[PDB]
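data_33.csv (CSV, N, CA and C atoms)
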chain,number,residue,atom,x,y,z
A,67,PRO,N,-61.9,17.7,6.0
A,67,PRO,CA,-63.4,17.9,5.8
A,67,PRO,C,-63.9,16.9,4.8
A,68,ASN,N,-63.1,16.0,4.4
A,68,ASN,CA,-63.5,14.9,3.4
A,68,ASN,C,-64.6,14.0,4.1
A,69,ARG,N,-64.3,13.7,5.4
A,69,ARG,CA,-65.2,12.8,6.1
A,69,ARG,C,-66.6,13.4,6.3
A,70,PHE,N,-67.6,12.6,6.0
A,70,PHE,CA,-69.0,13.1,6.0
A,70,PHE,C,-69.9,12.2,6.8
A,71,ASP,N,-70.9,12.7,7.4
A,71,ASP,CA,-71.9,11.9,8.2
A,71,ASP,C,-73.3,12.1,7.7
A,72,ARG,N,-74.2,11.3,8.2
A,72,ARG,CA,-75.6,11.4,7.8
A,72,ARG,C,-76.2,12.8,8.1
A,73,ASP,N,-76.1,13.3,9.4
A,73,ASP,CA,-76.7,14.5,9.8
A,73,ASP,C,-76.1,15.7,9.1
A,74,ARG,N,-74.8,15.6,8.9
A,74,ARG,CA,-74.1,16.7,8.2
A,74,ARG,C,-74.7,17.0,6.8
A,75,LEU,N,-74.8,15.9,6.0
A,75,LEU,CA,-75.4,16.1,4.7
A,75,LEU,C,-76.9,16.4,4.8
A,76,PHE,N,-77.6,15.9,5.8
A,76,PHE,CA,-79.0,16.2,6.0
A,76,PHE,C,-79.2,17.7,6.2
A,77,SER,N,-78.3,18.3,7.1
A,77,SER,CA,-78.4,19.7,7.3
A,77,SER,C,-78.0,20.5,6.0
A,78,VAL,N,-76.9,20.0,5.3
A,78,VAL,CA,-76.4,20.7,4.2
A,78,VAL,C,-77.5,20.8,3.1
A,79,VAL,N,-78.2,19.7,2.8
A,79,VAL,CA,-79.3,19.8,1.8
A,79,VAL,C,-80.5,20.5,2.4
A,80,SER,N,-80.7,20.6,3.7
A,80,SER,CA,-81.8,21.4,4.3
A,80,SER,C,-81.5,22.9,4.0
A,81,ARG,N,-80.3,23.3,4.2
A,81,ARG,CA,-80.0,24.8,4.0
A,81,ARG,C,-80.2,25.2,2.6
A,82,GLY,N,-79.8,24.3,1.7
A,82,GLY,CA,-79.9,24.6,0.3
A,82,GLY,C,-78.8,25.3,-0.4
A,83,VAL,N,-77.6,25.3,0.1
A,83,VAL,CA,-76.4,25.8,-0.5
A,83,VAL,C,-75.7,24.7,-1.2
A,84,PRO,N,-75.5,24.8,-2.6
A,84,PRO,CA,-74.8,23.8,-3.3
A,84,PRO,C,-73.3,23.8,-3.2
A,85,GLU,N,-72.7,24.9,-2.8
A,85,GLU,CA,-71.3,25.0,-2.7
A,85,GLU,C,-70.7,24.1,-1.6
A,86,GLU,N,-71.4,23.8,-0.6
A,86,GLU,CA,-71.0,22.9,0.5
A,86,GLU,C,-71.0,21.4,0.1
A,87,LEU,N,-71.6,21.1,-1.0
A,87,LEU,CA,-71.7,19.7,-1.5
A,87,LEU,C,-70.3,19.2,-2.0
A,88,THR,N,-69.4,20.1,-2.4
A,88,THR,CA,-68.1,19.8,-2.9
A,88,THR,C,-67.3,19.0,-1.8
A,89,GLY,N,-66.7,17.9,-2.2
A,89,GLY,CA,-65.9,17.1,-1.3
A,89,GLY,C,-66.4,15.7,-1.2
A,90,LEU,N,-67.7,15.5,-1.6
A,90,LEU,CA,-68.3,14.2,-1.5
A,90,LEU,C,-67.7,13.2,-2.5
A,91,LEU,N,-67.2,13.7,-3.6
A,91,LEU,CA,-66.6,12.8,-4.6
A,91,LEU,C,-65.4,12.1,-4.1
A,92,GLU,N,-64.6,12.8,-3.4
A,92,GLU,CA,-63.4,12.1,-2.8
A,92,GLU,C,-63.7,11.1,-1.8
A,93,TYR,N,-64.7,11.5,-0.9
A,93,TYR,CA,-65.1,10.5,0.2
A,93,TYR,C,-65.8,9.3,-0.4
A,94,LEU,N,-66.6,9.5,-1.4
A,94,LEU,CA,-67.4,8.4,-2.0
A,94,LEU,C,-66.5,7.4,-2.7
A,95,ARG,N,-65.2,7.8,-2.9
A,95,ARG,CA,-64.3,6.9,-3.5
A,95,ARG,C,-63.1,6.4,-2.6
A,96,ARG,N,-62.8,7.1,-1.5
A,96,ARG,CA,-61.8,6.7,-0.6
A,96,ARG,C,-62.3,5.5,0.2
A,97,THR,N,-63.6,5.4,0.5
A,97,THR,CA,-64.2,4.3,1.2
A,97,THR,C,-64.8,3.2,0.3
A,98,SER,N,-64.8,3.4,-1.0
A,98,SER,CA,-65.5,2.6,-2.0
A,98,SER,C,-66.9,2.3,-1.6
A,99,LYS,N,-67.6,3.4,-1.2
A,99,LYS,CA,-69.0,3.4,-0.8
A,99,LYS,C,-69.8,4.1,-1.8
A,100,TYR,N,-71.1,3.9,-1.8
A,100,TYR,CA,-72.1,4.5,-2.7
A,100,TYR,C,-73.2,5.1,-1.9
A,101,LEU,N,-73.8,6.2,-2.5
A,101,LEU,CA,-74.8,7.0,-1.8
A,101,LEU,C,-76.0,6.2,-1.4
A,102,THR,N,-76.2,5.0,-2.0
A,102,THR,CA,-77.4,4.2,-1.6
A,102,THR,C,-77.1,3.1,-0.6
A,103,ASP,N,-75.9,2.5,-0.7
A,103,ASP,CA,-75.6,1.3,0.1
A,103,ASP,C,-75.7,1.5,1.6
A,104,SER,N,-74.8,2.3,2.2
A,104,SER,CA,-74.8,2.7,3.6
A,104,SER,C,-74.3,4.1,3.9
A,105,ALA,N,-74.4,5.0,2.9
A,105,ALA,CA,-73.7,6.3,3.0
A,105,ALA,C,-74.5,7.3,3.8
A,106,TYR,N,-75.7,7.7,3.3
A,106,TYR,CA,-76.5,8.7,4.0
A,106,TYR,C,-78.0,8.4,3.8
A,107,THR,N,-78.5,7.7,4.9
A,107,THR,CA,-79.9,7.3,4.9
A,107,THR,C,-80.3,6.9,6.3
A,108,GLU,N,-81.4,7.4,6.8
A,108,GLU,CA,-81.9,7.0,8.1
A,108,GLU,C,-82.2,5.5,8.2
A,109,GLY,N,-81.6,4.9,9.3
A,109,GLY,CA,-81.8,3.5,9.4
A,109,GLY,C,-83.2,3.1,9.8
A,110,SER,N,-83.9,3.9,10.5
A,110,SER,CA,-85.2,3.6,11.0
A,110,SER,C,-86.2,3.5,9.8
A,111,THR,N,-86.2,4.4,8.9
A,111,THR,CA,-87.1,4.3,7.7
A,111,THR,C,-86.4,3.9,6.5
A,112,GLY,N,-85.3,4.5,6.1
A,112,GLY,CA,-84.7,4.3,4.8
A,112,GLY,C,-84.6,5.5,4.0
A,113,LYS,N,-85.2,6.6,4.6
A,113,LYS,CA,-85.2,7.9,4.0
A,113,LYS,C,-83.8,8.4,3.7
A,114,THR,N,-83.6,8.9,2.4
A,114,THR,CA,-82.2,9.2,2.0
A,114,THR,C,-82.1,10.8,1.9
A,115,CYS,N,-80.9,11.2,1.4
A,115,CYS,CA,-80.6,12.6,1.4
A,115,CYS,C,-81.4,13.4,0.3
A,116,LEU,N,-81.7,12.7,-0.8
A,116,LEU,CA,-82.4,13.3,-1.9
A,116,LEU,C,-83.8,13.8,-1.5
A,117,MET,N,-84.5,12.9,-0.8
A,117,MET,CA,-85.8,13.3,-0.3
A,117,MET,C,-85.7,14.4,0.7
A,118,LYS,N,-84.7,14.3,1.6
A,118,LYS,CA,-84.5,15.3,2.6
A,118,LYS,C,-84.3,16.7,1.9
A,119,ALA,N,-83.7,16.7,0.7
A,119,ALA,CA,-83.6,17.9,-0.1
A,119,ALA,C,-85.0,18.3,-0.7
A,120,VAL,N,-85.8,17.3,-1.0
A,120,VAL,CA,-87.0,17.5,-1.7
A,120,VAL,C,-88.2,17.8,-0.8
A,121,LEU,N,-88.1,17.4,0.5
A,121,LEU,CA,-89.1,17.8,1.5
A,121,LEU,C,-89.1,19.2,1.8
A,122,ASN,N,-88.0,20.0,1.4
A,122,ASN,CA,-88.0,21.4,1.7
A,122,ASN,C,-87.4,22.1,0.5
A,123,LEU,N,-88.3,22.8,-0.2
A,123,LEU,CA,-87.9,23.7,-1.3
A,123,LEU,C,-88.2,25.1,-1.0
A,124,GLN,N,-87.1,26.0,-1.0
A,124,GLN,CA,-87.3,27.4,-0.7
A,124,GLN,C,-88.0,28.1,-1.9
A,125,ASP,N,-89.3,28.3,-1.8
A,125,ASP,CA,-90.1,28.9,-2.8
A,125,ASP,C,-90.0,28.0,-4.1
A,126,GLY,N,-90.1,26.7,-3.9
A,126,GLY,CA,-90.1,25.8,-5.0
A,126,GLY,C,-88.8,25.7,-5.8
A,127,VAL,N,-87.7,25.8,-5.2
A,127,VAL,CA,-86.4,25.7,-5.8
A,127,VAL,C,-85.3,25.2,-4.8
A,128,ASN,N,-84.5,24.3,-5.2
A,128,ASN,CA,-83.3,23.9,-4.4
A,128,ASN,C,-82.1,23.6,-5.4
A,129,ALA,N,-81.1,24.5,-5.3
A,129,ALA,CA,-79.9,24.3,-6.1
A,129,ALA,C,-79.2,23.0,-5.9
A,130,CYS,N,-79.3,22.5,-4.6
A,130,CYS,CA,-78.6,21.3,-4.2
A,130,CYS,C,-79.1,20.1,-5.0
A,131,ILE,N,-80.3,20.2,-5.6
A,131,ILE,CA,-80.9,19.1,-6.4
A,131,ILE,C,-80.0,18.9,-7.6
A,132,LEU,N,-79.6,20.0,-8.3
A,132,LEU,CA,-78.9,19.9,-9.6
A,132,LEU,C,-77.6,19.0,-9.6
A,133,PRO,N,-76.7,19.2,-8.7
A,133,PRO,CA,-75.4,18.4,-8.8
A,133,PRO,C,-75.6,17.0,-8.3
A,134,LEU,N,-76.3,16.8,-7.2
A,134,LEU,CA,-76.2,15.5,-6.4
A,134,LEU,C,-76.4,14.3,-7.3
A,135,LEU,N,-77.4,14.3,-8.2
A,135,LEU,CA,-77.7,13.2,-9.0
A,135,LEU,C,-76.5,12.7,-9.8
A,136,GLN,N,-75.8,13.6,-10.5
A,136,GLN,CA,-74.6,13.2,-11.2
A,136,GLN,C,-73.5,12.8,-10.2
A,137,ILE,N,-73.5,13.4,-9.0
A,137,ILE,CA,-72.7,12.9,-7.9
A,137,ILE,C,-72.9,11.4,-7.7
A,138,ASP,N,-74.2,11.0,-7.8
A,138,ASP,CA,-74.5,9.6,-7.8
A,138,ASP,C,-74.2,9.0,-9.2
A,139,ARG,N,-74.4,9.7,-10.3
A,139,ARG,CA,-74.3,9.0,-11.6
A,139,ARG,C,-72.9,8.6,-11.9
A,140,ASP,N,-71.9,9.4,-11.6
A,140,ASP,CA,-70.5,9.0,-12.0
A,140,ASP,C,-70.0,7.8,-11.2
A,141,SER,N,-70.4,7.7,-10.0
A,141,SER,CA,-69.8,6.7,-9.1
A,141,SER,C,-70.9,6.0,-8.2
A,142,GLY,N,-72.0,5.6,-8.8
A,142,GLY,CA,-73.2,5.0,-8.1
A,142,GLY,C,-73.4,3.6,-8.4
A,143,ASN,N,-74.3,3.0,-7.7
A,143,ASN,CA,-74.8,1.6,-7.9
A,143,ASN,C,-75.8,1.6,-9.0
A,144,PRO,N,-76.2,0.4,-9.5
A,144,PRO,CA,-77.1,0.4,-10.7
A,144,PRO,C,-78.4,1.1,-10.4
A,145,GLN,N,-78.9,1.2,-9.2
A,145,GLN,CA,-80.1,1.9,-8.8
A,145,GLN,C,-79.8,3.4,-8.7
A,146,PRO,N,-80.3,4.3,-9.5
A,146,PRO,CA,-80.1,5.7,-9.3
A,146,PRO,C,-81.1,6.4,-8.4
A,147,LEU,N,-81.2,5.9,-7.2
A,147,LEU,CA,-82.1,6.4,-6.1
A,147,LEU,C,-83.6,6.3,-6.5
A,148,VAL,N,-83.9,5.8,-7.6
A,148,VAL,CA,-85.3,5.6,-8.0
A,148,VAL,C,-85.7,4.2,-7.4
A,149,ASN,N,-84.8,3.3,-7.5
A,149,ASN,CA,-85.1,1.9,-6.9
A,149,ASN,C,-84.7,1.9,-5.4
A,150,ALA,N,-84.1,3.0,-4.9
A,150,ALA,CA,-83.8,3.1,-3.5
A,150,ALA,C,-85.0,3.6,-2.8
A,151,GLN,N,-85.7,2.8,-2.0
A,151,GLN,CA,-87.0,3.1,-1.4
A,151,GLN,C,-86.9,2.9,0.1
A,152,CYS,N,-87.7,3.6,0.9
A,152,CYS,CA,-87.7,3.4,2.3
A,152,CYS,C,-88.2,2.0,2.7
A,153,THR,N,-87.7,1.5,3.8
A,153,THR,CA,-88.0,0.2,4.3
A,153,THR,C,-88.8,0.3,5.6
A,154,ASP,N,-89.5,1.3,5.8
A,154,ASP,CA,-90.4,1.5,6.9
A,154,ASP,C,-91.8,1.0,6.6
A,155,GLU,N,-92.3,0.1,7.4
A,155,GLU,CA,-93.5,-0.6,7.2
A,155,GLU,C,-94.7,0.4,6.9
A,156,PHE,N,-94.7,1.5,7.6
A,156,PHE,CA,-95.8,2.5,7.4
A,156,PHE,C,-95.5,3.3,6.2
A,157,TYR,N,-94.3,3.2,5.6
A,157,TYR,CA,-93.9,4.1,4.5
A,157,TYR,C,-93.1,3.4,3.5
A,158,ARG,N,-93.5,2.1,3.2
A,158,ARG,CA,-92.8,1.3,2.2
A,158,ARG,C,-93.1,1.8,0.8
A,159,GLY,N,-92.2,1.6,-0.1
A,159,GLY,CA,-92.4,1.8,-1.5
A,159,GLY,C,-92.4,3.3,-2.0
A,160,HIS,N,-92.4,4.2,-1.0
A,160,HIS,CA,-92.6,5.6,-1.4
A,160,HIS,C,-91.2,6.2,-1.8
A,161,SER,N,-91.1,6.5,-3.1
A,161,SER,CA,-89.9,7.0,-3.7
A,161,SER,C,-89.9,8.5,-3.8
A,162,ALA,N,-88.7,9.0,-4.1
A,162,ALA,CA,-88.6,10.5,-4.1
A,162,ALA,C,-89.5,11.2,-5.1
A,163,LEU,N,-89.8,10.5,-6.2
A,163,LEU,CA,-90.7,11.1,-7.2
A,163,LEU,C,-92.1,11.3,-6.6
A,164,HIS,N,-92.5,10.5,-5.7
A,164,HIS,CA,-93.7,10.7,-5.0
A,164,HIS,C,-93.7,12.0,-4.2
A,165,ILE,N,-92.6,12.3,-3.5
A,165,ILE,CA,-92.5,13.5,-2.8
A,165,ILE,C,-92.6,14.7,-3.8
A,166,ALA,N,-91.8,14.5,-4.9
A,166,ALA,CA,-91.8,15.6,-5.9
A,166,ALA,C,-93.2,15.9,-6.4
A,167,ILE,N,-94.0,14.9,-6.6
A,167,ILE,CA,-95.3,15.1,-7.1
A,167,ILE,C,-96.2,15.7,-6.0
A,168,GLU,N,-96.1,15.2,-4.8
A,168,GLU,CA,-96.9,15.6,-3.7
A,168,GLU,C,-96.6,17.0,-3.2
A,169,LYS,N,-95.3,17.4,-3.3
A,169,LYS,CA,-94.8,18.8,-3.0
A,169,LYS,C,-95.3,19.7,-4.2
A,170,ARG,N,-96.0,19.3,-5.1
A,170,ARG,CA,-96.5,20.1,-6.2
A,170,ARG,C,-95.4,20.8,-7.0
A,171,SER,N,-94.3,20.0,-7.2
A,171,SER,CA,-93.1,20.5,-7.8
A,171,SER,C,-92.9,19.8,-9.2
A,172,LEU,N,-93.3,20.5,-10.3
A,172,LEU,CA,-93.2,20.0,-11.6
A,172,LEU,C,-91.7,19.9,-12.0
A,173,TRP,N,-90.9,20.8,-11.6
A,173,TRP,CA,-89.5,20.8,-12.0
A,173,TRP,C,-88.8,19.6,-11.5
A,174,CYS,N,-89.0,19.2,-10.3
A,174,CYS,CA,-88.4,18.1,-9.7
A,174,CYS,C,-88.8,16.8,-10.4
A,175,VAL,N,-90.1,16.7,-10.8
A,175,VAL,CA,-90.6,15.6,-11.5
A,175,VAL,C,-89.9,15.5,-12.9
A,176,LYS,N,-89.7,16.7,-13.6
A,176,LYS,CA,-89.0,16.7,-14.8
A,176,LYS,C,-87.6,16.1,-14.7
A,177,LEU,N,-86.9,16.7,-13.7
A,177,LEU,CA,-85.5,16.3,-13.5
A,177,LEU,C,-85.4,14.8,-13.2
A,178,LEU,N,-86.2,14.3,-12.3
A,178,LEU,CA,-86.2,12.9,-11.9
A,178,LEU,C,-86.5,12.0,-13.1
A,179,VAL,N,-87.6,12.3,-13.8
A,179,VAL,CA,-88.0,11.4,-14.9
A,179,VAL,C,-86.9,11.4,-16.1
A,180,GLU,N,-86.3,12.6,-16.3
A,180,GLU,CA,-85.3,12.6,-17.4
A,180,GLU,C,-84.0,12.0,-16.9
A,181,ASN,N,-83.8,11.9,-15.6
A,181,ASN,CA,-82.6,11.3,-15.0
A,181,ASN,C,-82.8,9.8,-14.7
A,182,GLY,N,-83.7,9.1,-15.4
A,182,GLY,CA,-83.9,7.7,-15.3
A,182,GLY,C,-84.7,7.3,-14.0
A,183,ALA,N,-86.0,7.7,-14.0
A,183,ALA,CA,-86.9,7.4,-12.9
A,183,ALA,C,-88.0,6.5,-13.4
A,184,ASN,N,-88.0,5.2,-12.9
A,184,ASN,CA,-89.0,4.3,-13.2
A,184,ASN,C,-90.4,4.8,-12.7
A,185,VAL,N,-91.5,4.6,-13.4
A,185,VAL,CA,-92.8,5.0,-13.0
A,185,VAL,C,-93.6,3.8,-12.5
A,186,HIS,N,-93.2,2.6,-12.8
A,186,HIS,CA,-94.0,1.4,-12.3
A,186,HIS,C,-93.6,1.0,-10.9
A,187,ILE,N,-93.0,1.8,-10.2
A,187,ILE,CA,-92.6,1.5,-8.8
A,187,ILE,C,-93.8,1.9,-7.9
A,188,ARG,N,-94.6,0.9,-7.6
A,188,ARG,CA,-95.8,1.1,-6.7
A,188,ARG,C,-95.4,1.3,-5.3
A,189,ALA,N,-96.0,2.4,-4.7
A,189,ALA,CA,-95.7,2.7,-3.3
A,189,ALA,C,-96.8,2.0,-2.4
Can the structure from this file be put into structure tokens for me?
Amino acid sequence: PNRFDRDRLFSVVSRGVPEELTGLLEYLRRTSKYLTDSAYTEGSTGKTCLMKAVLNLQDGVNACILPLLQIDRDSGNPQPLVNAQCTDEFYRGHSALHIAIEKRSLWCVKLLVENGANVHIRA
């Protein structure tokens, strides 16, 4: 079950159970891959798993938000998903903090900004 795909993680963060996230650490190091490079993001737009978790909050809460960032932090690229933005012409520059604000979620904004989220990234 170490092997992971785009749609699997998309569904996992959609459901909102954090226990199923376990196992990503081994896979992210067996292939020497990072969550931003080519791991889990839609090719058409550039939309990543974090936003997929943030586009659906069950009554304004998602447990899966809590671990995943340090899942990036321990073994991630210099960009901590704040500089990872969609490459869709209609939707360029729109980062996860923008979803967090527009979803009217103050907690997500708190977590992102205290986890190193640049604010000068114009969408």
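Interatomic distance, CA of residue 140 in chain A against atom N of residue 115 in chain A: 17.1 Å.
Closest approach to residue 67 in chain A from the set A:185, A:154, A:88, A:142 is made by A:88, with distances taken over all atoms listed in the file.
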In Å, rounded to a single decimal, give me how far atom N of residue 125 in chain A is from atom C of residue 78 in chain A.
-> 14.8 Å
Give me the residues within 8 Å of residue 178 in chain A as a ChimeraX atom specification, counting only N, CA and C atoms and dropping any in the same chain fewer than 5 places off.
-> /A:162-163,172-173,183-184
Across A:182, A:89, A:100, A:127, the smallest distance to residue 141 in chain A, with only N, CA and C atoms counted, is shown by A:100
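Distance check against residue 107 in chain A using only N, CA and C atoms: of A:156, A:166, A:83, A:72, the minimum falls on A:72.
Nearest residue to residue 122 in chain A among A:80, A:97, A:181, A:143 is A:80, counting all atoms listed in the file.
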How far is it from atom N of residue 124 in chain A to atom N of residue 73 in chain A, in Å with one decimal?
-> 19.8 Å
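Across A:74, A:170, A:113, A:139, the tightest approach to residue 153 in chain A is made by A:113 when counting only C-alpha atoms.
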